[PDB]
Each structure stands twice: as structure tokens, then as C-alpha cells.
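Asks: Would you mind keeping the following structure in view while I ask a few things?
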Amino acid sequence: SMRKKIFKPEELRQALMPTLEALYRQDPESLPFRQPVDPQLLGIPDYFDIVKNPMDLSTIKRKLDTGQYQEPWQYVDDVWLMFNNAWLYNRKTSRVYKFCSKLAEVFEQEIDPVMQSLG
Ligand SMILES: CO[C@H]1CC[C@@H](n2c([C@@H]3CCCC(=O)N3c3cccc(C(C)(C)C)c3)nc3cc(-c4c(C)noc4C)ccc32)CC1
């Protein structure tokens, strides 16, 4: 459509925060995603050469709390950025990669009914 639907920050928080909570509830799978990747502590100095736009759950949460998403697709784009970054950087046998794949399965199931409700 040409006409932006207008969303209030608290409407987005009430609708979308439970979908982010569903990812946090996955344990162990969300544990690597709860804070930003720290390449110094992890000893991976190539990380920001490969991942140009880092993203993690705590940043998405803060963006929802501070009204930085005008529309739900911007939130979905950040969750997907987090996933794509982890699939790009990590080997397919790693825990982080397989945990990412489980988070993406969970998010897909939670986000669809929410998007139907916001349209
Ligand atoms: C709570 O604070 C901590 C601090 C960081 C820690 N962290 C680990 C640790 C480091 C020690 C060795 C080990 O083995 N780690 C490890 C690896 C996988 C799983 C686990 C669990 C035991 C937590 C499940 C540990 N590596 C991570 C890799 C990434 C990553 C990369 C690269 N690119 O995208 C992502 C996402 C992000 C965070 C990581 C997770 C949590």
C-alpha cells in the first residue's frame, strides 16, 4: 500500500515484545544472542570485517522499548539480521549456528499471527 498504517509505540511493544520473549525463553539456544557479540572477549578479530551490521536480542529489546520501530516489518528485519549474521559468520556444525536455526523456527511460528493481528 501507499498509505503507511500508523502504529503507536505501546501498540508495537504489546504486540511484538511477546515474540521477542519467546526467543529469550529458548535455553540454551538464546544464550549466545542475549548480548552483543564481543570480538575482543571472544578472540575473533575478523568478526566486524565479516558482519557489517551487528544485531542481538538486547539491542532489539532496547529499540522496542525506545520506540525506534515505526512499523512491525522494521522489527522483523532486525530479528532476521541477527539470524543472518549468525548463519554468515558461524560454521554450520557450531552450537551458535544450530541455535540460530532453532530461534528462526520459533520466531517464524510466533510472528505470523502477530503480523495478521497488526494488519
Ligand atoms: C552469557 O554471556 C556469554 C558471553 C559470550 C558467550 N559466547 C560464546 C562462549 C564463549 C566461550 C567459549 C564458548 O564455547 N562459548 C559458547 C559457544 C556457544 C554456546 C555457549 C553456551 C554455553 C552459552 C550455550 C557458549 N561464544 C559465543 C559466540 C557468539 C556469536 C558469534 C561468534 N557469532 O555470532 C554469535 C551469536 C556470541 C556469544 C558467545 C555466550 C554467553
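So you can find residues: chains in the C-alpha cells are A, B, ... in the order shown, residues in each start at 1, and ligands are numbered from 1 in order.
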With only C-alpha atoms and all ligand atoms counted, collect every polymer residue having an atom within 10 Å of ligand 1; state the result as a PyMOL selection string.
Replies: chain A and resi 27-39+41-44+46-47+51+54-57+82-91+94-100
Asks: Quick one: everything within 12 Å of residue 116 (chain A), counting only C-alpha atoms, minus sequence neighbours fewer than 4 positions away in the same chain. Send it as an NGL selection string.
Replies: :A and (15 or 72 or 110-112)
Asks: Those residues with N, CA, C and O atoms, as a compact mmCIF listing (two decimals), in the first residue's frame please?
Replies:
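Everything below was put into again-v2.txt:
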# COMPACT_ATOMS: atom_id res chain seq x y z
N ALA A 15 2.34 -5.88 21.14
CA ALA A 15 2.21 -6.95 20.16
C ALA A 15 3.51 -7.71 19.95
O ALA A 15 3.49 -8.94 19.80
N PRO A 72 5.91 -2.77 12.11
CA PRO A 72 6.37 -4.10 12.52
C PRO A 72 7.44 -4.68 11.60
O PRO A 72 8.30 -5.44 12.11
N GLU A 110 5.86 -17.67 15.94
CA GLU A 110 5.27 -16.62 16.80
C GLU A 110 4.90 -15.37 16.04
O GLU A 110 3.91 -14.72 16.38
N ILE A 111 5.70 -15.01 15.02
CA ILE A 111 5.48 -13.69 14.42
C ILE A 111 4.27 -13.69 13.49
O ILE A 111 3.63 -12.65 13.33
N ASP A 112 3.95 -14.82 12.84
CA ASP A 112 2.91 -14.77 11.82
C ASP A 112 1.54 -14.34 12.41
O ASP A 112 0.91 -13.45 11.84
Asks: Can you pull out every residue from chain A that DSSP, working from the backbone, puts in helix (DSSP H, G or I), and format the result as a PDB file with N, CA and C atoms, in the first residue's frame?
Replies:
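Contents of the output file out-v3.pdb:
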ATOM      1  N   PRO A   9       3.830   3.456  19.740  1.00  0.00           N
ATOM      2  CA  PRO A   9       4.928   2.670  20.317  1.00  0.00           C
ATOM      3  C   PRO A   9       4.450   1.591  21.266  1.00  0.00           C
ATOM      4  N   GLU A  10       3.419   1.898  22.081  1.00  0.00           N
ATOM      5  CA  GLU A  10       2.984   0.910  23.043  1.00  0.00           C
ATOM      6  C   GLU A  10       2.190  -0.197  22.384  1.00  0.00           C
ATOM      7  N   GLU A  11       1.522   0.084  21.263  1.00  0.00           N
ATOM      8  CA  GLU A  11       0.921  -0.993  20.472  1.00  0.00           C
ATOM      9  C   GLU A  11       1.940  -1.933  19.902  1.00  0.00           C
ATOM     10  N   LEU A  12       3.046  -1.399  19.385  1.00  0.00           N
ATOM     11  CA  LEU A  12       4.100  -2.276  18.930  1.00  0.00           C
ATOM     12  C   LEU A  12       4.725  -3.061  20.080  1.00  0.00           C
ATOM     13  N   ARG A  13       4.943  -2.427  21.238  1.00  0.00           N
ATOM     14  CA  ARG A  13       5.531  -3.158  22.339  1.00  0.00           C
ATOM     15  C   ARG A  13       4.603  -4.299  22.787  1.00  0.00           C
ATOM     16  N   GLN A  14       3.304  -4.011  22.930  1.00  0.00           N
ATOM     17  CA  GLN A  14       2.410  -5.046  23.422  1.00  0.00           C
ATOM     18  C   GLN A  14       2.293  -6.186  22.439  1.00  0.00           C
ATOM     19  N   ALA A  15       2.341  -5.875  21.142  1.00  0.00           N
ATOM     20  CA  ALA A  15       2.207  -6.946  20.163  1.00  0.00           C
ATOM     21  C   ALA A  15       3.510  -7.709  19.947  1.00  0.00           C
ATOM     22  N   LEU A  16       4.638  -6.996  19.860  1.00  0.00           N
ATOM     23  CA  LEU A  16       5.871  -7.616  19.404  1.00  0.00           C
ATOM     24  C   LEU A  16       6.736  -8.093  20.544  1.00  0.00           C
ATOM     25  N   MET A  17       6.695  -7.463  21.715  1.00  0.00           N
ATOM     26  CA  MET A  17       7.550  -7.930  22.807  1.00  0.00           C
ATOM     27  C   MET A  17       7.334  -9.412  23.134  1.00  0.00           C
ATOM     28  N   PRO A  18       6.119  -9.967  23.130  1.00  0.00           N
ATOM     29  CA  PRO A  18       5.994 -11.407  23.404  1.00  0.00           C
ATOM     30  C   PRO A  18       6.703 -12.259  22.408  1.00  0.00           C
ATOM     31  N   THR A  19       6.820 -11.798  21.161  1.00  0.00           N
ATOM     32  CA  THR A  19       7.564 -12.624  20.186  1.00  0.00           C
ATOM     33  C   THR A  19       9.047 -12.619  20.503  1.00  0.00           C
ATOM     34  N   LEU A  20       9.561 -11.502  21.014  1.00  0.00           N
ATOM     35  CA  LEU A  20      10.973 -11.483  21.430  1.00  0.00           C
ATOM     36  C   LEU A  20      11.162 -12.324  22.699  1.00  0.00           C
ATOM     37  N   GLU A  21      10.202 -12.281  23.632  1.00  0.00           N
ATOM     38  CA  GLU A  21      10.256 -13.114  24.823  1.00  0.00           C
ATOM     39  C   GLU A  21      10.280 -14.592  24.488  1.00  0.00           C
ATOM     40  N   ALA A  22       9.525 -15.010  23.454  1.00  0.00           N
ATOM     41  CA  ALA A  22       9.577 -16.411  23.050  1.00  0.00           C
ATOM     42  C   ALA A  22      10.997 -16.818  22.650  1.00  0.00           C
ATOM     43  N   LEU A  23      11.779 -15.919  22.067  1.00  0.00           N
ATOM     44  CA  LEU A  23      13.171 -16.286  21.744  1.00  0.00           C
ATOM     45  C   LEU A  23      13.998 -16.378  23.017  1.00  0.00           C
ATOM     46  N   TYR A  24      13.831 -15.394  23.924  1.00  0.00           N
ATOM     47  CA  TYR A  24      14.571 -15.446  25.191  1.00  0.00           C
ATOM     48  C   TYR A  24      14.270 -16.733  25.960  1.00  0.00           C
ATOM     49  N   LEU A  31      21.060 -18.262  24.526  1.00  0.00           N
ATOM     50  CA  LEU A  31      22.101 -17.726  25.391  1.00  0.00           C
ATOM     51  C   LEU A  31      23.163 -16.943  24.619  1.00  0.00           C
ATOM     52  N   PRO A  32      23.648 -17.372  23.451  1.00  0.00           N
ATOM     53  CA  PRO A  32      24.643 -16.555  22.738  1.00  0.00           C
ATOM     54  C   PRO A  32      24.107 -15.279  22.154  1.00  0.00           C
ATOM     55  N   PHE A  33      22.767 -15.122  22.083  1.00  0.00           N
ATOM     56  CA  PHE A  33      22.152 -13.985  21.398  1.00  0.00           C
ATOM     57  C   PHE A  33      21.651 -12.906  22.350  1.00  0.00           C
ATOM     58  N   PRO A  39      33.925  -9.199  19.957  1.00  0.00           N
ATOM     59  CA  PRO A  39      35.069  -9.893  19.327  1.00  0.00           C
ATOM     60  C   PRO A  39      36.326  -9.856  20.147  1.00  0.00           C
ATOM     61  N   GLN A  40      36.533  -8.849  20.995  1.00  0.00           N
ATOM     62  CA  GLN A  40      37.721  -8.838  21.848  1.00  0.00           C
ATOM     63  C   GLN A  40      37.690  -9.969  22.860  1.00  0.00           C
ATOM     64  N   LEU A  41      36.570 -10.125  23.579  1.00  0.00           N
ATOM     65  CA  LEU A  41      36.486 -11.175  24.597  1.00  0.00           C
ATOM     66  C   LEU A  41      36.505 -12.552  23.974  1.00  0.00           C
ATOM     67  N   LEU A  42      35.887 -12.699  22.797  1.00  0.00           N
ATOM     68  CA  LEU A  42      35.825 -13.970  22.072  1.00  0.00           C
ATOM     69  C   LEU A  42      37.081 -14.290  21.265  1.00  0.00           C
ATOM     70  N   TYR A  47      35.541 -10.591  13.207  1.00  0.00           N
ATOM     71  CA  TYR A  47      34.081 -10.613  13.220  1.00  0.00           C
ATOM     72  C   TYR A  47      33.479  -9.383  12.524  1.00  0.00           C
ATOM     73  N   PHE A  48      33.972  -8.183  12.836  1.00  0.00           N
ATOM     74  CA  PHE A  48      33.358  -6.990  12.251  1.00  0.00           C
ATOM     75  C   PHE A  48      33.822  -6.774  10.817  1.00  0.00           C
ATOM     76  N   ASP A  49      34.798  -7.527  10.349  1.00  0.00           N
ATOM     77  CA  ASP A  49      35.118  -7.496   8.931  1.00  0.00           C
ATOM     78  C   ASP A  49      34.059  -8.247   8.131  1.00  0.00           C
ATOM     79  N   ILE A  50      33.457  -9.272   8.720  1.00  0.00           N
ATOM     80  CA  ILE A  50      32.506 -10.125   8.038  1.00  0.00           C
ATOM     81  C   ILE A  50      31.074  -9.667   8.297  1.00  0.00           C
ATOM     82  N   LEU A  57      19.622  -9.689  20.648  1.00  0.00           N
ATOM     83  CA  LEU A  57      18.326  -9.547  21.294  1.00  0.00           C
ATOM     84  C   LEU A  57      18.261  -8.302  22.182  1.00  0.00           C
ATOM     85  N   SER A  58      19.340  -8.041  22.913  1.00  0.00           N
ATOM     86  CA  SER A  58      19.271  -6.890  23.806  1.00  0.00           C
ATOM     87  C   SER A  58      19.116  -5.590  23.038  1.00  0.00           C
ATOM     88  N   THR A  59      19.690  -5.485  21.831  1.00  0.00           N
ATOM     89  CA  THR A  59      19.530  -4.270  21.037  1.00  0.00           C
ATOM     90  C   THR A  59      18.108  -4.149  20.503  1.00  0.00           C
ATOM     91  N   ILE A  60      17.538  -5.276  20.033  1.00  0.00           N
ATOM     92  CA  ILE A  60      16.152  -5.260  19.543  1.00  0.00           C
ATOM     93  C   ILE A  60      15.227  -4.854  20.686  1.00  0.00           C
ATOM     94  N   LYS A  61      15.451  -5.417  21.890  1.00  0.00           N
ATOM     95  CA  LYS A  61      14.601  -5.081  23.037  1.00  0.00           C
ATOM     96  C   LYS A  61      14.667  -3.598  23.321  1.00  0.00           C
ATOM     97  N   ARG A  62      15.876  -3.027  23.326  1.00  0.00           N
ATOM     98  CA  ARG A  62      16.032  -1.618  23.608  1.00  0.00           C
ATOM     99  C   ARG A  62      15.348  -0.783  22.522  1.00  0.00           C
ATOM    100  N   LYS A  63      15.428  -1.235  21.264  1.00  0.00           N
ATOM    101  CA  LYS A  63      14.782  -0.468  20.202  1.00  0.00           C
ATOM    102  C   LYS A  63      13.270  -0.497  20.343  1.00  0.00           C
ATOM    103  N   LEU A  64      12.712  -1.645  20.746  1.00  0.00           N
ATOM    104  CA  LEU A  64      11.265  -1.652  21.023  1.00  0.00           C
ATOM    105  C   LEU A  64      10.922  -0.776  22.228  1.00  0.00           C
ATOM    106  N   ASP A  65      11.739  -0.822  23.288  1.00  0.00           N
ATOM    107  CA  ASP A  65      11.447  -0.024  24.479  1.00  0.00           C
ATOM    108  C   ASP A  65      11.498   1.487  24.202  1.00  0.00           C
ATOM    109  N   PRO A  72       5.907  -2.773  12.107  1.00  0.00           N
ATOM    110  CA  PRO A  72       6.370  -4.095  12.516  1.00  0.00           C
ATOM    111  C   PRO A  72       7.444  -4.685  11.602  1.00  0.00           C
ATOM    112  N   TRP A  73       7.436  -4.380  10.303  1.00  0.00           N
ATOM    113  CA  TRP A  73       8.433  -5.006   9.444  1.00  0.00           C
ATOM    114  C   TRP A  73       9.820  -4.549   9.798  1.00  0.00           C
ATOM    115  N   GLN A  74       9.972  -3.386  10.415  1.00  0.00           N
ATOM    116  CA  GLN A  74      11.335  -2.959  10.792  1.00  0.00           C
ATOM    117  C   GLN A  74      11.878  -3.840  11.911  1.00  0.00           C
ATOM    118  N   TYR A  75      11.000  -4.243  12.830  1.00  0.00           N
ATOM    119  CA  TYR A  75      11.351  -5.165  13.897  1.00  0.00           C
ATOM    120  C   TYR A  75      11.712  -6.530  13.316  1.00  0.00           C
ATOM    121  N   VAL A  76      10.876  -7.061  12.390  1.00  0.00           N
ATOM    122  CA  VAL A  76      11.168  -8.354  11.763  1.00  0.00           C
ATOM    123  C   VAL A  76      12.510  -8.291  11.045  1.00  0.00           C
ATOM    124  N   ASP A  77      12.794  -7.161  10.361  1.00  0.00           N
ATOM    125  CA  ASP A  77      14.093  -7.025   9.684  1.00  0.00           C
ATOM    126  C   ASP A  77      15.261  -7.135  10.670  1.00  0.00           C
ATOM    127  N   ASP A  78      15.158  -6.542  11.877  1.00  0.00           N
ATOM    128  CA  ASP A  78      16.300  -6.661  12.794  1.00  0.00           C
ATOM    129  C   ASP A  78      16.445  -8.085  13.314  1.00  0.00           C
ATOM    130  N   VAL A  79      15.322  -8.777  13.624  1.00  0.00           N
ATOM    131  CA  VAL A  79      15.449 -10.153  14.095  1.00  0.00           C
ATOM    132  C   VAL A  79      16.134 -10.966  12.990  1.00  0.00           C
ATOM    133  N   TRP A  80      15.716 -10.738  11.731  1.00  0.00           N
ATOM    134  CA  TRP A  80      16.317 -11.501  10.642  1.00  0.00           C
ATOM    135  C   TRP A  80      17.772 -11.115  10.413  1.00  0.00           C
ATOM    136  N   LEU A  81      18.160  -9.886  10.706  1.00  0.00           N
ATOM    137  CA  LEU A  81      19.550  -9.504  10.582  1.00  0.00           C
ATOM    138  C   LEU A  81      20.412 -10.283  11.579  1.00  0.00           C
ATOM    139  N   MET A  82      19.895 -10.395  12.787  1.00  0.00           N
ATOM    140  CA  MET A  82      20.596 -11.171  13.796  1.00  0.00           C
ATOM    141  C   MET A  82      20.818 -12.609  13.324  1.00  0.00           C
ATOM    142  N   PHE A  83      19.778 -13.182  12.755  1.00  0.00           N
ATOM    143  CA  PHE A  83      19.893 -14.558  12.300  1.00  0.00           C
ATOM    144  C   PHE A  83      20.891 -14.694  11.152  1.00  0.00           C
ATOM    145  N   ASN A  84      20.736 -13.815  10.176  1.00  0.00           N
ATOM    146  CA  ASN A  84      21.602 -13.908   9.010  1.00  0.00           C
ATOM    147  C   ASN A  84      23.064 -13.671   9.354  1.00  0.00           C
ATOM    148  N   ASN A  85      23.297 -12.767  10.289  1.00  0.00           N
ATOM    149  CA  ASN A  85      24.655 -12.565  10.737  1.00  0.00           C
ATOM    150  C   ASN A  85      25.247 -13.851  11.336  1.00  0.00           C
ATOM    151  N   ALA A  86      24.454 -14.525  12.148  1.00  0.00           N
ATOM    152  CA  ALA A  86      24.963 -15.725  12.823  1.00  0.00           C
ATOM    153  C   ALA A  86      25.158 -16.865  11.834  1.00  0.00           C
ATOM    154  N   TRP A  87      24.261 -16.991  10.849  1.00  0.00           N
ATOM    155  CA  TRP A  87      24.450 -18.014   9.815  1.00  0.00           C
ATOM    156  C   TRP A  87      25.624 -17.682   8.914  1.00  0.00           C
ATOM    157  N   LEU A  88      25.915 -16.388   8.661  1.00  0.00           N
ATOM    158  CA  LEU A  88      27.046 -15.992   7.842  1.00  0.00           C
ATOM    159  C   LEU A  88      28.354 -16.271   8.561  1.00  0.00           C
ATOM    160  N   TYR A  89      28.444 -15.911   9.829  1.00  0.00           N
ATOM    161  CA  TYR A  89      29.766 -15.947  10.472  1.00  0.00           C
ATOM    162  C   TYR A  89      30.142 -17.340  10.972  1.00  0.00           C
ATOM    163  N   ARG A  95      27.427 -24.803  17.671  1.00  0.00           N
ATOM    164  CA  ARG A  95      26.239 -24.574  18.508  1.00  0.00           C
ATOM    165  C   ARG A  95      25.555 -23.270  18.128  1.00  0.00           C
ATOM    166  N   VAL A  96      26.307 -22.177  17.896  1.00  0.00           N
ATOM    167  CA  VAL A  96      25.638 -20.919  17.606  1.00  0.00           C
ATOM    168  C   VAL A  96      24.798 -21.042  16.348  1.00  0.00           C
ATOM    169  N   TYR A  97      25.319 -21.731  15.312  1.00  0.00           N
ATOM    170  CA  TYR A  97      24.555 -21.834  14.068  1.00  0.00           C
ATOM    171  C   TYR A  97      23.299 -22.663  14.281  1.00  0.00           C
ATOM    172  N   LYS A  98      23.422 -23.817  14.951  1.00  0.00           N
ATOM    173  CA  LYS A  98      22.230 -24.653  15.153  1.00  0.00           C
ATOM    174  C   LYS A  98      21.252 -23.974  16.096  1.00  0.00           C
ATOM    175  N   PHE A  99      21.772 -23.245  17.092  1.00  0.00           N
ATOM    176  CA  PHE A  99      20.857 -22.487  17.962  1.00  0.00           C
ATOM    177  C   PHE A  99      20.127 -21.404  17.171  1.00  0.00           C
ATOM    178  N   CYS A 100      20.833 -20.720  16.269  1.00  0.00           N
ATOM    179  CA  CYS A 100      20.187 -19.725  15.418  1.00  0.00           C
ATOM    180  C   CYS A 100      19.045 -20.347  14.634  1.00  0.00           C
ATOM    181  N   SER A 101      19.294 -21.521  14.053  1.00  0.00           N
ATOM    182  CA  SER A 101      18.254 -22.179  13.250  1.00  0.00           C
ATOM    183  C   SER A 101      17.022 -22.500  14.097  1.00  0.00           C
ATOM    184  N   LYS A 102      17.203 -22.897  15.369  1.00  0.00           N
ATOM    185  CA  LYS A 102      16.037 -23.122  16.233  1.00  0.00           C
ATOM    186  C   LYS A 102      15.328 -21.820  16.565  1.00  0.00           C
ATOM    187  N   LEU A 103      16.079 -20.748  16.858  1.00  0.00           N
ATOM    188  CA  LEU A 103      15.414 -19.462  17.095  1.00  0.00           C
ATOM    189  C   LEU A 103      14.604 -19.029  15.870  1.00  0.00           C
ATOM    190  N   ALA A 104      15.119 -19.260  14.672  1.00  0.00           N
ATOM    191  CA  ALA A 104      14.384 -18.842  13.491  1.00  0.00           C
ATOM    192  C   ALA A 104      13.105 -19.651  13.329  1.00  0.00           C
ATOM    193  N   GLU A 105      13.127 -20.947  13.649  1.00  0.00           N
ATOM    194  CA  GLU A 105      11.897 -21.740  13.637  1.00  0.00           C
ATOM    195  C   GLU A 105      10.851 -21.199  14.630  1.00  0.00           C
ATOM    196  N   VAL A 106      11.308 -20.885  15.838  1.00  0.00           N
ATOM    197  CA  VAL A 106      10.393 -20.376  16.885  1.00  0.00           C
ATOM    198  C   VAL A 106       9.832 -19.027  16.464  1.00  0.00           C
ATOM    199  N   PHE A 107      10.716 -18.134  15.945  1.00  0.00           N
ATOM    200  CA  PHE A 107      10.255 -16.801  15.605  1.00  0.00           C
ATOM    201  C   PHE A 107       9.234 -16.878  14.490  1.00  0.00           C
ATOM    202  N   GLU A 108       9.490 -17.710  13.468  1.00  0.00           N
ATOM    203  CA  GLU A 108       8.534 -17.820  12.354  1.00  0.00           C
ATOM    204  C   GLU A 108       7.116 -18.163  12.851  1.00  0.00           C
ATOM    205  N   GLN A 109       7.020 -19.081  13.822  1.00  0.00           N
ATOM    206  CA  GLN A 109       5.711 -19.518  14.325  1.00  0.00           C
ATOM    207  C   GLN A 109       5.061 -18.413  15.157  1.00  0.00           C
ATOM    208  N   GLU A 110       5.861 -17.666  15.936  1.00  0.00           N
ATOM    209  CA  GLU A 110       5.273 -16.620  16.797  1.00  0.00           C
ATOM    210  C   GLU A 110       4.898 -15.374  16.035  1.00  0.00           C
ATOM    211  N   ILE A 111       5.702 -15.006  15.022  1.00  0.00           N
ATOM    212  CA  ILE A 111       5.476 -13.688  14.420  1.00  0.00           C
ATOM    213  C   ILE A 111       4.272 -13.691  13.489  1.00  0.00           C
ATOM    214  N   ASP A 112       3.948 -14.822  12.841  1.00  0.00           N
ATOM    215  CA  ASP A 112       2.906 -14.768  11.821  1.00  0.00           C
ATOM    216  C   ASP A 112       1.545 -14.344  12.410  1.00  0.00           C
ATOM    217  N   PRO A 113       1.026 -14.947  13.485  1.00  0.00           N
ATOM    218  CA  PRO A 113      -0.297 -14.499  13.952  1.00  0.00           C
ATOM    219  C   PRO A 113      -0.281 -13.076  14.416  1.00  0.00           C
ATOM    220  N   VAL A 114       0.880 -12.614  14.913  1.00  0.00           N
ATOM    221  CA  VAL A 114       1.004 -11.218  15.343  1.00  0.00           C
ATOM    222  C   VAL A 114       0.930 -10.267  14.156  1.00  0.00           C
ATOM    223  N   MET A 115       1.563 -10.625  13.046  1.00  0.00           N
ATOM    224  CA  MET A 115       1.505  -9.758  11.899  1.00  0.00           C
ATOM    225  C   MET A 115       0.085  -9.717  11.345  1.00  0.00           C
ATOM    226  N   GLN A 116      -0.649 -10.853  11.371  1.00  0.00           N
ATOM    227  CA  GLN A 116      -2.041 -10.840  10.943  1.00  0.00           C
ATOM    228  C   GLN A 116      -2.856  -9.896  11.819  1.00  0.00           C
ATOM    229  N   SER A 117      -2.554  -9.862  13.120  1.00  0.00           N
ATOM    230  CA  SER A 117      -3.323  -9.023  14.025  1.00  0.00           C
ATOM    231  C   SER A 117      -3.023  -7.543  13.826  1.00  0.00           C
ATOM    232  N   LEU A 118      -1.793  -7.209  13.414  1.00  0.00           N
ATOM    233  CA  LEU A 118      -1.440  -5.796  13.252  1.00  0.00           C
ATOM    234  C   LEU A 118      -1.851  -5.233  11.909  1.00  0.00           C
TER     235      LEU A 118
END
